[PDB]
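Here is the structure we will look at.
No lab work stands behind these numbers, since they all come straight from the coordinates. A quick note on method: Cβ atoms are made from the backbone with ideal geometry, for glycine too, and the neighbour counts reach across all protein chains shown.
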Amino acid sequence: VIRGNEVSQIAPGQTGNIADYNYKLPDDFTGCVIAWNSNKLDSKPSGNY
Amino acid sequence: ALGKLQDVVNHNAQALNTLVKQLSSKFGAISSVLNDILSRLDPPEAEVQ
């Protein structure tokens, strides 16, 4: 699970804080990236931490 | 009198000079320096350059 703006960072060759320190993709990566909104299940009014 | 031999020497030097000169050609890329391309760009676009 990541932020809305960080979906671009889940790609080969992207510089992102999550890209450098959390999940790294190889340059020659083959496969598919799937991103969908999870506001209904992965959010809380008080703050889901 | 000795133009023919000198011409051959000239051609060889000129050919080498041209080949060396060709290293300074962008060839449709942002820069002619490989180190600059690696330093400034990520591998997916650096590979293209």
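Please pick out the residue among A:31, A:47, A:13 that is in a loop (DSSP other than H, G, I, E, B), within 12 Å of another protein chain (Cβ to nearest Cβ) and of a type outside the set (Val, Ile, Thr).
The match here is A:13.
Could you tell me which residue of region A:16-28 is farthest from the other protein chains (Cβ to nearest Cβ), considering only residues that are surrounded by 12 or more Cβ atoms within 10 Å (Cβ to Cβ) and not in a loop (DSSP other than H, G, I, E, B)?
Across region A:16-28, the extreme among qualifying residues is A:18.
Would you point out the residue of region B:19-49, among those that are within 14 Å of another protein chain (Cβ to nearest Cβ) and of a type in the set (A, V, I, L, M, F, W, C), that is farthest from residue A:15 (Cα to Cα)?
Taking the candidates together, the pick is B:48.
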